[PDB]
Structure formats: structure tokens, C-alpha cells
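Asks: take a look and give me a structure for this.
(9 chains, ligands or ions: 31)
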Amino acid sequence: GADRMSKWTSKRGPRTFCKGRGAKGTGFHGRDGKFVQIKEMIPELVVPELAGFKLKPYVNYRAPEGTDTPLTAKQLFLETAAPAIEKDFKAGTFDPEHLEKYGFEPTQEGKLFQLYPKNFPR
Amino acid sequence: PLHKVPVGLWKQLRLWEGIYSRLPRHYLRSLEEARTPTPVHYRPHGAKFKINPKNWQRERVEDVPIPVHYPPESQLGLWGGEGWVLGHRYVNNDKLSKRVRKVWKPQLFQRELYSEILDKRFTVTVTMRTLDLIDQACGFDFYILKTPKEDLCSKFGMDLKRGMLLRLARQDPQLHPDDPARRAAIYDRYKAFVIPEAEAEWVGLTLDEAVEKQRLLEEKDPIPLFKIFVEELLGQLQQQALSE
Amino acid sequence: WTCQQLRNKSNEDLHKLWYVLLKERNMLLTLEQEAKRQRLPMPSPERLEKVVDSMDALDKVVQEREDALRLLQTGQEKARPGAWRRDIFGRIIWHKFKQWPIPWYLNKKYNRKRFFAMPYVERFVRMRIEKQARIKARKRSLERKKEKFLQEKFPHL
Amino acid sequence: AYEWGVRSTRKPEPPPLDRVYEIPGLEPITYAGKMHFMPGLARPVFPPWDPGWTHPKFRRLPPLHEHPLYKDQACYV
Amino acid sequence: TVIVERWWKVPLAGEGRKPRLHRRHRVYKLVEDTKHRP
Amino acid sequence: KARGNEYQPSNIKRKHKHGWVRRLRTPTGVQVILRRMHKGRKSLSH
RNA sequence: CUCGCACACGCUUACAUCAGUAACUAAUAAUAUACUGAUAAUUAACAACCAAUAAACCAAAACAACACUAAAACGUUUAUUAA
RNA sequence: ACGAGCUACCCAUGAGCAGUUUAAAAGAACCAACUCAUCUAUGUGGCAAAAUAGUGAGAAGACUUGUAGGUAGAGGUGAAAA
RNA sequence: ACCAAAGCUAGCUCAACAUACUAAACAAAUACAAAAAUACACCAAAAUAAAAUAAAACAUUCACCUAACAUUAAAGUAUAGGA
Ligand SMILES: [K+]
Ligand SMILES: [K+]
Ligand SMILES: [K+]
Ligand SMILES: [Mg+2]
Ligand SMILES: [Mg+2]
Ligand SMILES: [Mg+2]
Ligand SMILES: [Mg+2]
Ligand SMILES: [Mg+2]
Ligand SMILES: [Mg+2]
Ligand SMILES: [Mg+2]
Ligand SMILES: [Mg+2]
Ligand SMILES: [Mg+2]
Ligand SMILES: [Mg+2]
Ligand SMILES: [Mg+2]
Ligand SMILES: [Mg+2]
Ligand SMILES: [Mg+2]
Ligand SMILES: [Mg+2]
Ligand SMILES: [Mg+2]
Ligand SMILES: [Mg+2]
Ligand SMILES: [Mg+2]
Ligand SMILES: [Mg+2]
Ligand SMILES: [Mg+2]
Ligand SMILES: [Mg+2]
Ligand SMILES: [Mg+2]
Ligand SMILES: [Mg+2]
Ligand SMILES: [Mg+2]
Ligand SMILES: [Mg+2]
Ligand SMILES: [Mg+2]
Ligand SMILES: [Mg+2]
Ligand SMILES: [Mg+2]
Ligand SMILES: [Mg+2]
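Replies: Numbering: from 1, shown residues only, chains lettered A, B, ... in the order given. Ligands and ions are numbered 1, 2, ... in the order given. Sure, structure below:
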């Protein structure tokens, strides 16, 4: 008979069966059947300038390590937002109603890169 | 290896944990009470003890209910607590005769009924026993509000009761916006069935419906850690302020 | 690169360092394949292991900044929406959500998937519990037997 | 007369609404909260879909009388 | 509404326990029908 | 007149008769999947 | 002595380069399309994927001129839309 | 429960029949491809769990044939051979 | 003298206790022909278990056989059975 314990891919079926191997679509079908490739859907790779950048893929052996401290949501708040809040409260300018000046954002849909929906791929 | 808790108690212990635990106590108390329904098909014997005609001795007798099958079609109407009777029979009523499968079905009728509490007409598939119970209770609204869940055996009936029970507790002025005097008369007769609001919206709910309702009330978006940390910082600052 | 060293670098710095690693990793992969073609060993193959470790550490630290910032703004643990569902087989499956331009009730394909267990699944769900119980029961008794066996051959107590 | 439609071929009519919707002053319990079908819960009734921004290909065809050149007089072409 | 009774006797269970039901306890006989009464 | 070759291969027929989609469309078919998952089969269906 | 090239359906690297075969595979030996190890490969123009609604239109394919009975697969144009 | 990828019948969608004889594409005639399997001989753990060689019947039809779909065991299907 | 012979671990069985019961893994893809990012929906359902067997045949009947809440006794007693 046939092998039921192998990978079912496009190469096994007839000419009708053409399954992609995992690529992301970059367009659709137009009027005449010519593939209309949308410019926006193409992933535009963004690269910096490494000419004036001094850093190497390897680190010196004599460079000491450090105590592995994973970043915590509490430590980040105490590092960035706490000094601004603390100074304002001591000066009497703290406003519990509005916290947008400290980096808090009520709704994510306003900004370009959401967080909970995870808009950006990487 | 054997189960520590018997299998028959798995469903009962399912109610003691999770979302089922946070359900209101009054709803759970009514659900766990499995009272024997009013006999419909079988004819019970009043006496607990009977004398054997052959033996001429005092013996104990017990009523055993006859199982009855309720088709899903019944839940859309009011059958009065009855349904299909599944069983066997003997042809010619002789023991030494053939054994035959027999199904007895109730005779269904199409009627539209009027409810004073809701002032709406419902075309409900009713049986002759349901109409007799309506006359016995001296009112369609009385029949729904007096017969318990085990006697009604219809999800439409429970929802119909819940709709009217909420109507009385809320005292909605929408029953008759133009006849306030008529509104007072209608709710005066059913004043004995008035129940508080927290009890009137859970009488017609099944187990699945209640869990969805409980989740909807408890559906809360997570509180951002920015708000939690701001409150923590303010407490320390006020604590330091009061320390000087 | 160790994890701690990359936390001191700025986000702009990490972006530039990723491509420096990227160009290094491509060269190492080219050399490794060329080694197989020439039937000769790859010169110091541990370089590739070091680079991929640096890549993973760089990915971890940026992800440590993304989730920490997400918790402050929104408080959600996972960046992809989802909910616990019970599939037709009776299991509990974490169903990740997908992006659609139309709501759930207007989707032909989505409305064909079923998230609930039919009554006949109850018996099969029960049997899976028994199978896992026996596997764990056998494992626990095996640990006891080894402890007794080793004590006899090592009576140092 | 003899209408040329056939009951089986024509699109079926929507299923009858659940009895809960017929009870005045009673909020039905639907499965729209969990955005998937569940037995024992009432079928939700949704308002017609209203896309905020119009899309050319995927929008419904505009009515003929919406065209600016539409005229009541019947011209033969 | 039909009214039926079992042909075969059911053994007792006097401590508030559900009695044992056998196949031969499913054999019913129609003793009276409520629609035929005057 | 010379039996023995009753199996004529076809991917369209094989995936339509014993496919994973068909197994999940009938209530009896789902029980087949459940039995094979319980037994520990490597391949539940084609 | 003569069932040859190609496509569809099916099989799934069994194909190619190099090396080895004491033994495994070929119903034997040489040996290698069939056994073992390493490396390599099939590049789209062909093929799959490849719009919706309303309206006009009784008039067969058989060299189709024109006909037979068993009454026949096979669409264009106008209008409104189409990233 | 699972089976109409073989087979019986049917619904879709396709594809084949060259020459010769006749006003004929007439369930006519000669004879290939093609489809059935009459008679005999080999074969009988065989090349083959039904074949090979010779010889035969139809070969513009109630004909062969590819792809895919439908009917499931108290049944399906059948130009009845249980 | 060939072919062979010997070993004691892998793990398993039956309980007990016991938390209270679908493990491990889920970055991406998974009910289009599963593991194929992306389009106007339909969605769903129940009807007593039967028989092999025992009565030396077999028709009424035939323990357990889905749902009991246990143990020492009442007791294999009262009753139910082509009795
Ligand atoms: K092959
Ligand atoms: K078929
Ligand atoms: K052969
Ligand atoms: Mg196989
Ligand atoms: Mg293919
Ligand atoms: Mg092919
Ligand atoms: Mg193109
Ligand atoms: Mg007792
Ligand atoms: Mg076979
Ligand atoms: Mg075939
Ligand atoms: Mg093979
Ligand atoms: Mg050879
Ligand atoms: Mg060679
Ligand atoms: Mg080779
Ligand atoms: Mg077929
Ligand atoms: Mg010819
Ligand atoms: Mg002829
Ligand atoms: Mg021959
Ligand atoms: Mg011959
Ligand atoms: Mg001869
Ligand atoms: Mg001939
Ligand atoms: Mg002839
Ligand atoms: Mg079938
Ligand atoms: Mg038959
Ligand atoms: Mg025939
Ligand atoms: Mg005959
Ligand atoms: Mg005969
Ligand atoms: Mg016998
Ligand atoms: Mg005997
Ligand atoms: Mg029996
Ligand atoms: Mg008697």
C-alpha cells in the first residue's frame, strides 16, 4: 500500500495539490491572473551602519562575568518611573488621575506598535 | 491501584472546586436537592404497610417510580411532567405469551396560552394533563409559580417562571404604562410568590448557563503592574512623610 | 557574550550587534559546509557554538525588555492572545488566537471547528486517567525497589 | 401559478429563535462571550456587520439606483 | 396519560436506598388510560 | 480474472476516505480517533 | 531479436559523481540501475493556484454545404463593481 | 464499528474505433488496435493463490476506457448465476 | 572439533498509603486532502442493550452482566418462579 507514517507534503500529491512549505504570502491574484505583489506585505529588512560601530562577535576571555540577575518588571519601574513619581509627590505635583507623563499608556491601539496584540514581528 | 474517591462522587466533587465553588449558595442548595417528582404514570399506594392476601401477614410495601423518557421536543413546551414510557409487555396480557417491546406516547395538542404577568400569548405544545393542572391551580400563572422544578420538567417552564419571578421582584412599570391601577391588581394576587432579586434570576438556569453567567460577572481585565507599583510607592512616601 | 554583559548595552547597541553576529554566523556556516565538501575537518568548530549562544542571549535580553514593558503597560503574561478550550477529544488545549479581518461568527472555517466534548468522550477521558495513573504507580514502585536493592550491596549505614 | 423555485435548492430560512427571546424583560444567556458554539446556550442575534472603513473588493455591490446616471425612464440599449 | 404497573415484583430497600431494577421489572401492563374515562 | 491487485493507489481517494478531516466529521469517526489515541498509535489516520 | 520516446496517475532519492564489496542485496560469477559510505542535485516560459451580480440570445457535433433521431459537452457582448 | 481504490449498478466529467465493402455510423458484412475467453495442449508448491502457446467471438455499439462521487450486511446491487 | 551451553539485570505483578485524577512538550504550524498566516456563517441530534448460554429441546423465565452506600447477623428465611 502507501506509507501513512511519513510527512504529507506538496511533492506527494497530484498536480492539483500544491501546499506551501511555510513561506508567508506576499500578494494575491489580480484580474488577468497575474500575481499582484503588494509592496507593503514584503518584509522590509532594516539594517544599521556597522562601519563606524566597534564591537565584535567574541568577548575577551579575561573579561569577568556578572551575577545573573534577570530583568524584573519591578526593577524596571524602580529604575525609570520611580524617580519621576517620587520627585513630583514630594513637590506636590503628583496627579493620580493622569499618569501619561510617566510613560503609562491607557490604550494600546493608538500607538504604532502595540504590546498585547504584539503588532511587530521582531 | 484503586481510586481514593469512588467514581460516583467525581461529579459531586466537581461542584466543590473552580468556578462552581464561587456560585451563589442559594442556587447550589436548590440544585443538590433531588426530590422525588409527583407520580404521573404509575399509581402509588398510600399505605406504607400492607397485608398480604395470600399470606394474611403484615408486610412492608414501597413505591418504586417507573422510569420515563423525556425527548428533546418536550423541552420546547409544557407536557405536565410526562413523556414517553419505554418498556415491554405481554401479548393478550398472559404471562406465558410472547414478550413484546412497547412504547407509549402522550397525545400532544397545539394551544396558545395567556399569562397575566407577562401579558403575552405563547403557542405551546401542551397535553391534556397540563390543562387539568392549569385548572387545578386556578390559573396559568399559578400553575407555573406553584409547581416545583421536579413537577414541571421543562426548560421553557423554568425560563417562564424566571421571567415572571424577576417581573414581580423588579416591579417593572412596563407591564402597563397606561394603567397603573391594573398593574397593582396583577401583582397583588401573586404577592405570596415574591422573592428577592438575588434569588429570582437563578431559578431557571441550568448548570452550564449559570457558569457562563458567573464568568461574565467575574470577567475582569488584568490590572496593569504600573497601577499596582504606583500605589505601592505612594504608601512608602506617605509612610516616610509621617515618619518626620 | 554573556547575558549580563548585554543588559548594559542600549537597545540601539543590541540592534547593531545582532548584525555583527549575523555576518559572523553566515561565514561559519559556509566554512562548515565547505569542510564536508572537501572531506576535511572544520577548523576550530567551537566558534559556531559560541556564536549561536551569543545569538540566544541577545534574543533573551530583548525579550526580557519586551515582556517587562508589556507587564507595566498592560499586565498580560503572554504576547499572543489565547484562552483555555476543551477540544472534541476531551483534552484541555491552550488555543492560540489568529488574525482575521472578519469576526468569529462571520467566519466559515472557524465556525466549523468545535470546542466542546460530546457525552461519549467522558468514557475515553476517564480511561486516559487510568492509563496515566498506572504509569505513575509503576514508576513509584520502581524507585522503592532500587533503594532496597542498593542498601543490601552498600551496607554502610 | 407554478413558481420555478424548489424548496430544497433555495436557501433555507433561518432557524427558529430560542424560547428565551420570547420572554419579556429577560436577558438571554448566549455563547457569544466565549466566541464559539456550545450546546445548551441560546444562539446570539448579531446586528448587521458594519465595516467602519469601506473596502473596494470585499464590500457588497451598491444598488443600481445608487448610480448617479440612474433614471426612472426605461431606455432600451 | 397512561397508567401502568410492573408484572414482576421489585425487591425492597427500606433504608432510603434506590432498589435494584432488573430487566424483568420493565414488563408493564396497561391498567387504565386517563383519556377513556368519562 | 487474476485477482491480487485490488489496491490501485490514488491520493485523492485515500485522503477523502481515511483522511483526518473525515474522521472528525462523523461522531463514530471521532471514536475511532479516540481509540487509537488511547492505544498509543503513532499515526491516528492518513 | 524487435513495445520505442513523452505526459497523466502512482512510487519517494531507489537517480548522478567517487570509492569499497571477506560478508549482507542479485535466486550464480563478473560486477554495480538494484548492496555499503561520502559528496552532490530537479532553477519556469510548461503545470497547479488563477472575480461577482444584472440583462440580450428557440436554431447540434459528424471537412458541415445541409440534414437524420437518440435532440446533443463546448459562450460572446452591454451595464455595475473588482486591492 | 470499518470497507464500492477489486466487483454489480448508477450520477458527473473526459478520451478512443485505422483500413475494406455499401444511397448507410444499418444493435448489417470482411479484418486490426481494443474488449471478452470457445476448444485443445503445456502448467498443477506453476511465470501466474487462474497463466503461457496455438486457435477463436465481437470490433460505430445494449460498445470499450481514464479520473472522481453515490448506494453497506435484518442490507446494497443484480439483462436470477441464489 | 564445529553448532551450541551457562550468568542477572532490565523491568513487571499484587496490594497499602496517598494527594484528590487526561502526564511530558507546546517558539511556529495543526479538523482545505490535519500540522498550509489571511474573508460574509448555518449549526447541530436523541429512541429500553441484544444474544451466545441454563432449563440436557425450546417459545414464559436464565445470577453478575450501565446506574448499590460498605461490613457482622436476620438468610439462602419471607416471597417471586412452563411453581
Ligand atoms: K520508489
Ligand atoms: K464511492
Ligand atoms: K506471471
Ligand atoms: Mg500499510
Ligand atoms: Mg503533486
Ligand atoms: Mg506526477
Ligand atoms: Mg507576477
Ligand atoms: Mg438493612
Ligand atoms: Mg490483498
Ligand atoms: Mg480502477
Ligand atoms: Mg514498494
Ligand atoms: Mg544478475
Ligand atoms: Mg564502482
Ligand atoms: Mg548508492
Ligand atoms: Mg468505483
Ligand atoms: Mg472503421
Ligand atoms: Mg457488425
Ligand atoms: Mg492465450
Ligand atoms: Mg494456445
Ligand atoms: Mg501448431
Ligand atoms: Mg469475427
Ligand atoms: Mg457476426
Ligand atoms: Mg460508511
Ligand atoms: Mg437482500
Ligand atoms: Mg450485468
Ligand atoms: Mg434458476
Ligand atoms: Mg439453485
Ligand atoms: Mg437449553
Ligand atoms: Mg449439556
Ligand atoms: Mg440476559
Ligand atoms: Mg400464578
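Asks: residue closest to the middle of chain F?
Replies: residue F:18 (2.8 Å; Cα atoms, centre = their mean).
Asks: that one and residue F:43 touch, don't they?
Replies: No. Using Cβ atoms under 8 Å, residue F:18 makes no contact with residue F:43, being 10.6 Å away. In this view, the C-beta of every residue, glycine as well, is placed from N, C-alpha and C.
Asks: the closest residue to chain F within chain C: which element?
Replies: Per Cβ to the nearest Cβ, residue C:124 is where chain C lies closest to chain F, at 4.4 Å. According to DSSP states H and E, residue C:124 maps onto helix C:121-153.
Asks: again, but for residue C:19
Replies: Using DSSP H and E, residue C:19 falls within helix C:11-38.
Asks: flag every buried residue along that helix.
Replies: C:14, C:16, C:17, C:18, C:20, C:21, C:24, C:25, C:28 (16 or more other Cβ atoms under 10 Å in any protein chain shown).
Asks: as CSV, those residues with distance to ligand 7 would be great.
Replies: Output for the buried residues of helix C:11-38, formatted as CSV (distance: Cβ to the ion, whole Å):
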residue, distance to ligand 7
C:14, 38
C:16, 36
C:17, 38
C:18, 33
C:20, 36
C:21, 35
C:24, 36
C:25, 33
C:28, 36
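Asks: residue numbers of chain D in contact with RNA strand G?
Replies: Within chain D, the positions near RNA strand G by Cβ under 7 Å from any atom of the strand are D:56, D:57, D:59, D:61, D:62, D:64, D:67, D:69, D:77.
Asks: redo that, cut-off 10 Å
Replies: By the rule Cβ under 10 Å from any atom of the strand, the part of chain D lying against RNA strand G is D:54-64, D:66-70, D:76-77.
Asks: how near is residue A:110 to residue A:1?
Replies: Distance of residue A:110 to residue A:1, computed by Cβ to Cβ, to the nearest Å: 59 Å.
Asks: check residue F:5 too.
Replies: 12 Å.
Asks: surely residue C:80 touches residue A:116?
Replies: No. Counting by Cβ under 8 Å, residue C:80 does not reach residue A:116; the two are 9.1 Å apart.
Asks: these two: which is more packed in?
Replies: More neighbours surround residue A:116 than the other of residue C:80 and residue A:116, with 17 against 11 (other Cβ atoms under 10 Å in any protein chain shown).
Asks: out of the buried residues of helix C:11-38, flag the one nearest to chain B.
Replies: Nearest to chain B among those, counting by Cβ to the nearest Cβ, is residue C:14 at 23.7 Å.
Asks: who's in contact with that closest one?
Replies: Applying Cβ atoms under 8 Å, 6 or more residues apart in numbering or on different chains, we find residue C:14 in contact with C:6, C:58, C:61, C:62.
Asks: contacts only, for the second one.
Replies: It stands for residue C:58. C:1, C:6, C:14, C:17, C:18, C:21.
Asks: which non-adjacent residue is nearest the first one?
Replies: When the adjacent residues along the chain are set aside, residue C:1 lies closest to residue C:54, with 4.3 Å between them (Cβ to Cβ, 6 or more residues apart in numbering or on different chains).
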